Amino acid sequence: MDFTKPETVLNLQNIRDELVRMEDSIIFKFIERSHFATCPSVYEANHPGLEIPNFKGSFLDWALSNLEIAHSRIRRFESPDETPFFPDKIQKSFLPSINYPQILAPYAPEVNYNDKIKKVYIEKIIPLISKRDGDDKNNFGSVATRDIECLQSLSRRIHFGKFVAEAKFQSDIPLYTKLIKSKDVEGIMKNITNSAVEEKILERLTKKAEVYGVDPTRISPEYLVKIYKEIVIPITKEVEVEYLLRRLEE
């Protein structure tokens, strides 16, 4: 895919390849984060000892918002595949802007599920992948930086549902128009679900978990499957139906 050549983007085979490559990215990052304890103090707002001068929020929030401000200055969020966790904080680039042709509907930047993602990550994913419960006082920064890597990968994968939805829309405008016009969510869901393909994904995930990071001479497959089945796939679909419901300007 080349975000300056629209045809490489709305191409369904290029989309599968990118989704499959993100699958590995996400698995590698979960393995990196699994080496550390849960570190509850990292996600708690204004924790004594991890309190940042003139900042209201958690240790995780400071590290992530600061990273976004720096990257926004170098054009990160000008790209259609990048959605920010702190939309109010991002700056304008100090480098010549890349001219990205409009590929998605105009309101695309407004379809943003990062709050929900950050939330389920902390409340549901951390507890399954961490090595143990409790704070590891000497690894708060190691943890936060690994968390940022996991969040940015999940975010890109989940919001990639926008390109999936646009490809589908364009391939059958008459059908989608009627579904959108009558706001038939059940009809849309049924058209964006291929149960056969979803089983296949889960089966491949189980086999990757079995070999990845395992010394040939780290993460439970059951949990990897639970995460994709209960969190990743379902939220990707929410992004797709919301993108679609507003497709005829909204």
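Numbers follow the displayed sequence, beginning with 1.
- Coordinates are given for every residue of the deposited sequence from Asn54 through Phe55, so that no gap is recorded there.
- Here 236-244 and 8-16 are compared by their mean Cα B-factor, and 8-16 comes out higher.
- Of the two segments, 57-65 and 205-213, the one listed with the higher mean B-factor is 205-213 (C-alpha atoms only).
- Between the residues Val225, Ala37, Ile31, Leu50, it is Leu50 that shows the highest Cα B-factor in the PDB record.
- When the C-alpha B-factors of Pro174, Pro87, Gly141, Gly134 are read from the PDB record, the largest value belongs to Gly134.
- When the CA B factors of the chain's modelled residues are split into thirds, the value for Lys92 lands in the highest one.
- In the PDB entry, a CA B factor belonging to the highest third of its chain's modelled residues is recorded for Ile219.
- Per the deposited record, the Cα B-factor of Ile148 falls in the lowest third when ranked against the other modelled residues of its chain.
- Among the modelled residues of its chain, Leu128 has a C-alpha B-factor that falls in the middle third according to the deposited record.
- For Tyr107, the recorded CA B-factor ranks within the middle third of the chain. Only modelled residues enter the ranking.
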